[PDB]
Amino acid sequence: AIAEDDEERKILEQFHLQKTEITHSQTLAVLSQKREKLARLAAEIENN
Amino acid sequence: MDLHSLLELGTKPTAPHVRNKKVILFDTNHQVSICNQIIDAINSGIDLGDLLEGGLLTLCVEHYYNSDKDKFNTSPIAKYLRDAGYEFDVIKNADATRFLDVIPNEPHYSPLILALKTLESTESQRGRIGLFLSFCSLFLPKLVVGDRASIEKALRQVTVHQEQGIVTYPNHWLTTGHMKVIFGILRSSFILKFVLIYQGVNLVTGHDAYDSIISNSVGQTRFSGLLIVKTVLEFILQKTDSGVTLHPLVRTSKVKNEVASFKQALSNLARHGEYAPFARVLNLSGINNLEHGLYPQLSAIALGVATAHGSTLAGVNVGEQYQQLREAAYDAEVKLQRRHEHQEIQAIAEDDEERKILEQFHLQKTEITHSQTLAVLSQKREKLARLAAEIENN
Amino acid sequence: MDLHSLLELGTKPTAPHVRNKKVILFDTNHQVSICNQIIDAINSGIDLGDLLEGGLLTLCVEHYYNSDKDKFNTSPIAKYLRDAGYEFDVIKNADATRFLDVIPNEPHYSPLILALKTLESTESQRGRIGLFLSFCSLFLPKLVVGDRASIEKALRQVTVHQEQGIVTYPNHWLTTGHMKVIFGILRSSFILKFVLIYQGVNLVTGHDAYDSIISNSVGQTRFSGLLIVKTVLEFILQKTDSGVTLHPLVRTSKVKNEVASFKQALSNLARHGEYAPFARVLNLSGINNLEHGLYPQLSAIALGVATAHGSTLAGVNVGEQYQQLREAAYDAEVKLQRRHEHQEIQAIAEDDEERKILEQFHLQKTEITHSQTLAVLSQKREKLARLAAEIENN
RNA sequence: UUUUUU
RNA sequence: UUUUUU
RNA sequence: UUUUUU
RNA sequence: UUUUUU
């Protein structure tokens, strides 16, 4: 909807696909450190 | 109700499923040395059977993305391999010298680490990884045929690329046991094939010798096991300015059902997008509905008409139940194309002297084409005789 | 849907990728001495295998941009080489005397520095760097053919340029082992070729002898491996004031598909702009879709018609499957052009005495052309016989 | 009961 | 199952 | 793969 | 590569 040419929509398409891949890799990083934080708290609860 | 919709059930997926595949990306500081030891362990014949996708992805990330892993993680290669089910976990080892130090502590990795203890690696440069991926790209045209055709096309491309002088491969790479090993490596691994197909299409600017070799061999891989698509779309479904028109050999009422089902299973192939040329080599979804046995008469008539235009298509093999209809369609198309070129010569010639010049030229052209077709048929006959001689040798 | 769009997938890149190439620009105060020792290390046969692009770029920046590196950094050479993936880092050494002092401390540079310890360099002037780049420019026409054709055209241009007396090369440069070395240097290095192509096009005013030699040899490099482009655009796709018109030998219904695909792959070549003549020598993008095997009949008919106009094109070699259609198209075009020049002589002559003068002239002109075509065919036949004699010598 | 081919 | 050529 | 001439 | 005469 918001482009004007095919060259403009090629630049905006390449930007928004890279932006979505950035947020998906950040979401997976947050999920992995959440899982390790829960595992470390459970290891401390088992230790204590 | 529409009872002819029963034939289309169970075809297309209604709740699509993917299976997770955990693939191990290695990340050291001595990354070129780790990748050269992965190259040396592949060349030695050592079966690294679960770490094969991880070692090949380490080679491909270190060549194309400079082992950065954040440039790789947001690339469309990694989006495609995530949608195809792979999960990348990057294990890290800041002081790792050898490939022996990097293998995990699973008990089935014990024959791999005792094989890697005695393996001697040669010190080598940055330019061995691109050499190895360029050698693996040569097997990609005629990959889906078999091992003999891949090794023959690979050695022909070794001689073509060394005749330009731009590369040299070592002589133990060109032994047929080693080429058999590299064929099995490329055949059993999905992500090496996809990375070579993607970077052959898309890495186009500022070429190395190796990247031009990979793009040249990926440009010959287009419709590698999809000959029926090229023959039907080029000759049966005729493209003109009015529209699509059928060939006169297929306009009767018994082959029109096969061209309707071919049009449907053809339009489900372009759902794959820009990898729809590469559908049999990557083993994509709709390629079971493009087999020759599903369309026997359409494949034989299309191969006959395509042989009657391009003279080098007489060396394809086909099954025994398709050869004779192929020869009949070839002879009918030779007579039909001769009548058409005679009528067009009568159309475009403005005087009888020019008309005699053009009739002698186009007559001599068809005689040249017919002699080339008999020469390539005799090449096929002693090629199959040499194959059966090798069968009776063992 | 349009099912004939399946044949165009996987062709053009949809997410274009470049690979970074780190190239080392040397910056001392004794820059002419460093560049003359790089020239002497190249001439000695010493393989400086990773510092080759850096040494050649040091030579080219010191010749054309006076080793300024801020005039170079904002030039269109550096914009082009940045878009093609190269990254320049300028290492600095304010008191560096020899090329031995400037090499980094990587461990694979040890055979280079032990080779450079025993290398004797001769003291020489500013005019050796332009002499070396002018000698490297002589291999650029017929670079893409092979080493024998490059060395033969290079020695022919040595004799032409010394017959004007403007240069002299030393006699150990003209030994064929040394010319083989300089061929491999120019073939393996992208940026020396591009710098010579750019400065042959664009450095045009206030000429030295060396810069006129480089511009002369770059003006012969235009369409060096693109003969099919010159033959089709000059003779098949005929230019006139009404438009583009096909030749009468290609207006039938079996070659018009090949001229349509040639028009498409041709218009993707002019996407490269002003280096589209230099597309095979620089190894640019769309040159795999301009091969002779993709268009067999169009290449043979175009080479036949071009041989029938220009008499010196009978010495091109071609494959065995294209020679006979080429000879048929040559004979048809000789008869067609004879009929056209007879009708134009009848058009432009205002009296029969003038018409007899013009008919005798144009008859004698075609007899002269036919004798020259047989002379160059016999030159090709003993040239291939001398080549096969050299094959059986080893 | 089902029956081929791919 | 795939089968040529470049 | 490329193939002449200038 | 250039090729005469003045």
# chains A, B, ... in the order shown; residues from 1 in each chain; ligands from 1
>>> select_by_dssp(residues="stretch 102-306 of chain C", states="alpha helix (DSSP H)", output="PyMOL selection string")
chain C and resi 110-117+129-137+147-163+176-187+190-202+209-218+227-231+256-267+296-306
>>> interface_residues(of="chain B", to="chain D", cutoff="12 Å", atoms="only C-alpha atoms (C1' of nucleotides)", output="MDAnalysis selection string")
chainID B and resid 288:296 319 321
>>> closest_atom_pairs(of="chain C", to="chain B", cutoff="8 Å", atoms="only C-alpha atoms", output="tab-separated table")
residue	atom	partner	partner_atom	distance
C:1	CA	B:267	CA	7.4
C:3	CA	B:267	CA	6.8
C:4	CA	B:233	CA	6.6
C:6	CA	B:270	CA	6.7
C:7	CA	B:230	CA	7.6
C:9	CA	B:274	CA	5.2
C:10	CA	B:274	CA	5.3
C:11	CA	B:201	CA	6.7
C:12	CA	B:201	CA	7.0
C:13	CA	B:202	CA	4.6
C:14	CA	B:202	CA	6.6
C:15	CA	B:202	CA	6.1
C:16	CA	B:202	CA	5.0
C:17	CA	B:203	CA	4.8
C:18	CA	B:203	CA	6.1
C:19	CA	B:64	CA	6.5
C:83	CA	B:206	CA	7.8
C:84	CA	B:206	CA	4.2
C:85	CA	B:206	CA	6.2
C:144	CA	B:164	CA	7.9
C:146	CA	B:164	CA	6.8
C:187	CA	B:166	CA	7.7
C:188	CA	B:166	CA	7.1
C:248	CA	B:348	CA	7.7
C:249	CA	B:358	CA	7.2
C:252	CA	B:341	CA	6.4
C:253	CA	B:341	CA	7.2
C:254	CA	B:309	CA	7.5
C:283	CA	B:207	CA	6.9
C:284	CA	B:205	CA	7.2
C:285	CA	B:204	CA	5.9
C:288	CA	B:216	CA	6.9
C:321	CA	B:372	CA	7.9
C:324	CA	B:368	CA	7.4
C:325	CA	B:365	CA	6.6
C:328	CA	B:361	CA	6.7
C:329	CA	B:361	CA	7.2
C:332	CA	B:357	CA	6.4
C:335	CA	B:357	CA	7.4
C:336	CA	B:354	CA	7.0
>>> write_last_selection(atoms="N, CA, C and O atoms", output="short mmCIF file (atom, residue, chain, number, x, y, z; two decimals), in the first residue's frame")
data_model
loop_
_atom_site.label_atom_id
_atom_site.label_comp_id
_atom_site.auth_asym_id
_atom_site.auth_seq_id
_atom_site.Cartn_x
_atom_site.Cartn_y
_atom_site.Cartn_z
N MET C 1 -3.49 -19.31 -14.49
CA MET C 1 -2.29 -18.50 -14.32
C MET C 1 -1.36 -18.65 -15.52
O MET C 1 -1.55 -19.52 -16.36
N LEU C 3 1.55 -20.04 -16.92
CA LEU C 3 2.44 -21.15 -16.64
C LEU C 3 3.78 -21.05 -17.35
O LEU C 3 4.72 -21.75 -16.97
N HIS C 4 3.90 -20.16 -18.33
CA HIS C 4 5.16 -19.92 -19.03
C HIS C 4 6.09 -18.98 -18.28
O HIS C 4 7.19 -18.71 -18.77
N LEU C 6 7.10 -20.05 -15.34
CA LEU C 6 7.95 -21.04 -14.68
C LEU C 6 9.32 -21.19 -15.30
O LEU C 6 10.25 -21.61 -14.62
N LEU C 7 9.47 -20.87 -16.58
CA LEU C 7 10.77 -21.03 -17.21
C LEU C 7 11.73 -19.91 -16.85
O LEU C 7 12.93 -20.05 -17.07
N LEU C 9 12.04 -18.58 -13.66
CA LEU C 9 12.35 -18.53 -12.24
C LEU C 9 13.75 -19.06 -11.98
O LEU C 9 14.29 -19.85 -12.76
N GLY C 10 14.35 -18.59 -10.89
CA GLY C 10 15.71 -18.96 -10.56
C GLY C 10 16.76 -18.34 -11.44
O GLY C 10 17.88 -18.84 -11.50
N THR C 11 16.43 -17.26 -12.14
CA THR C 11 17.33 -16.65 -13.11
C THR C 11 18.05 -15.43 -12.54
O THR C 11 19.28 -15.44 -12.39
N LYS C 12 17.30 -14.41 -12.18
CA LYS C 12 17.56 -13.08 -11.65
C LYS C 12 17.55 -13.11 -10.13
O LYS C 12 16.71 -13.78 -9.54
N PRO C 13 18.47 -12.40 -9.46
CA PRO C 13 18.55 -12.51 -8.01
C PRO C 13 17.49 -11.68 -7.32
O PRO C 13 17.12 -10.60 -7.78
N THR C 14 16.95 -12.22 -6.23
CA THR C 14 15.88 -11.54 -5.52
C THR C 14 16.31 -10.95 -4.20
O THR C 14 15.61 -10.10 -3.66
N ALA C 15 17.46 -11.36 -3.67
CA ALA C 15 18.03 -10.77 -2.46
C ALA C 15 19.55 -10.79 -2.60
O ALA C 15 20.21 -11.69 -2.06
N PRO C 16 20.13 -9.81 -3.30
CA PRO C 16 21.53 -9.92 -3.72
C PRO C 16 22.54 -9.75 -2.60
O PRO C 16 22.40 -8.90 -1.72
N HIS C 17 23.58 -10.57 -2.66
CA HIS C 17 24.52 -10.77 -1.57
C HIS C 17 25.90 -10.46 -2.10
O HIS C 17 26.17 -10.72 -3.27
N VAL C 18 26.74 -9.85 -1.29
CA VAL C 18 28.15 -9.66 -1.62
C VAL C 18 28.99 -10.20 -0.47
O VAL C 18 28.57 -10.21 0.69
N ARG C 19 30.18 -10.67 -0.80
CA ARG C 19 31.10 -11.15 0.21
C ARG C 19 32.23 -10.16 0.39
O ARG C 19 32.79 -9.67 -0.59
N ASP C 83 31.17 -1.56 -3.90
CA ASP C 83 29.93 -2.26 -4.22
C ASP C 83 30.15 -3.70 -4.66
O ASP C 83 29.25 -4.52 -4.52
N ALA C 84 31.33 -4.01 -5.18
CA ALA C 84 31.73 -5.36 -5.53
C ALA C 84 32.33 -6.12 -4.37
O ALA C 84 32.81 -7.23 -4.57
N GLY C 85 32.37 -5.53 -3.18
CA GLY C 85 32.67 -6.27 -1.97
C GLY C 85 34.01 -5.99 -1.33
O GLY C 85 34.21 -6.44 -0.21
N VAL C 144 40.28 -13.80 -22.58
CA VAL C 144 39.27 -14.82 -22.31
C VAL C 144 39.33 -15.99 -23.26
O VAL C 144 38.56 -16.94 -23.10
N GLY C 146 42.53 -17.74 -24.09
CA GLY C 146 43.45 -18.66 -23.48
C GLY C 146 44.83 -18.06 -23.47
O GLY C 146 45.01 -16.90 -23.82
N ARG C 187 45.14 -12.77 -15.02
CA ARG C 187 43.95 -13.61 -15.02
C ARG C 187 43.42 -13.83 -13.61
O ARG C 187 42.20 -13.83 -13.39
N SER C 188 44.31 -13.97 -12.62
CA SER C 188 43.84 -14.29 -11.28
C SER C 188 43.42 -13.08 -10.46
O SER C 188 42.97 -13.26 -9.34
N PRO C 248 16.03 -12.78 -43.42
CA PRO C 248 15.18 -13.81 -44.04
C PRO C 248 15.54 -15.25 -43.69
O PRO C 248 14.68 -16.12 -43.79
N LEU C 249 16.76 -15.51 -43.23
CA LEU C 249 17.10 -16.85 -42.80
C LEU C 249 16.56 -17.18 -41.41
O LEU C 249 16.61 -18.35 -41.02
N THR C 252 11.52 -17.89 -39.85
CA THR C 252 10.60 -19.01 -39.73
C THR C 252 10.21 -19.23 -38.27
O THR C 252 10.61 -18.49 -37.37
N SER C 253 9.43 -20.27 -38.01
CA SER C 253 8.84 -20.45 -36.70
C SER C 253 9.68 -21.30 -35.76
O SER C 253 9.19 -21.65 -34.68
N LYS C 254 10.91 -21.66 -36.12
CA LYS C 254 11.71 -22.47 -35.22
C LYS C 254 12.92 -21.76 -34.66
O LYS C 254 13.54 -22.27 -33.72
N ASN C 283 34.11 -10.96 -15.83
CA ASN C 283 33.23 -12.04 -15.35
C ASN C 283 31.99 -11.49 -14.66
O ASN C 283 31.72 -11.79 -13.50
N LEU C 284 31.21 -10.72 -15.40
CA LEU C 284 30.01 -10.10 -14.85
C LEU C 284 28.84 -11.10 -14.85
O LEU C 284 29.01 -12.30 -15.02
N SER C 285 27.62 -10.60 -14.66
CA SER C 285 26.53 -11.43 -14.15
C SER C 285 25.86 -12.27 -15.23
O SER C 285 25.76 -13.49 -15.09
N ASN C 288 26.43 -16.12 -18.55
CA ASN C 288 26.12 -17.52 -18.72
C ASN C 288 24.93 -17.74 -19.64
O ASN C 288 24.80 -18.81 -20.22
N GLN C 321 29.46 -29.14 -34.12
CA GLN C 321 28.03 -29.20 -34.37
C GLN C 321 27.47 -27.91 -34.91
O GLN C 321 26.27 -27.83 -35.17
N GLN C 324 28.54 -26.68 -39.98
CA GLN C 324 27.96 -27.04 -41.26
C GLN C 324 26.75 -26.16 -41.57
O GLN C 324 26.56 -25.73 -42.72
N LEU C 325 25.99 -25.81 -40.54
CA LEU C 325 24.93 -24.81 -40.66
C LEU C 325 25.50 -23.41 -40.90
O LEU C 325 24.87 -22.60 -41.59
N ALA C 328 26.29 -23.37 -44.63
CA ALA C 328 25.05 -23.22 -45.39
C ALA C 328 24.49 -21.80 -45.33
O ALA C 328 24.01 -21.28 -46.35
N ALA C 329 24.58 -21.15 -44.17
CA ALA C 329 24.09 -19.79 -44.05
C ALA C 329 25.01 -18.80 -44.76
O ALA C 329 24.53 -17.80 -45.29
N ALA C 332 24.07 -19.15 -48.57
CA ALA C 332 22.79 -18.49 -48.80
C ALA C 332 22.89 -16.97 -48.73
O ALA C 332 22.25 -16.27 -49.51
N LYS C 335 24.54 -15.57 -52.00
CA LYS C 335 23.57 -15.45 -53.09
C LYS C 335 22.54 -14.35 -52.87
O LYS C 335 22.16 -13.63 -53.81
N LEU C 336 22.12 -14.14 -51.61
CA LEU C 336 21.12 -13.11 -51.31
C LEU C 336 21.69 -11.70 -51.43
O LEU C 336 21.02 -10.80 -51.95
#
>>> select_by_dssp(residues="stretch 152-365 of chain C", states="strand (DSSP E or B)", output="count of residues only")
4
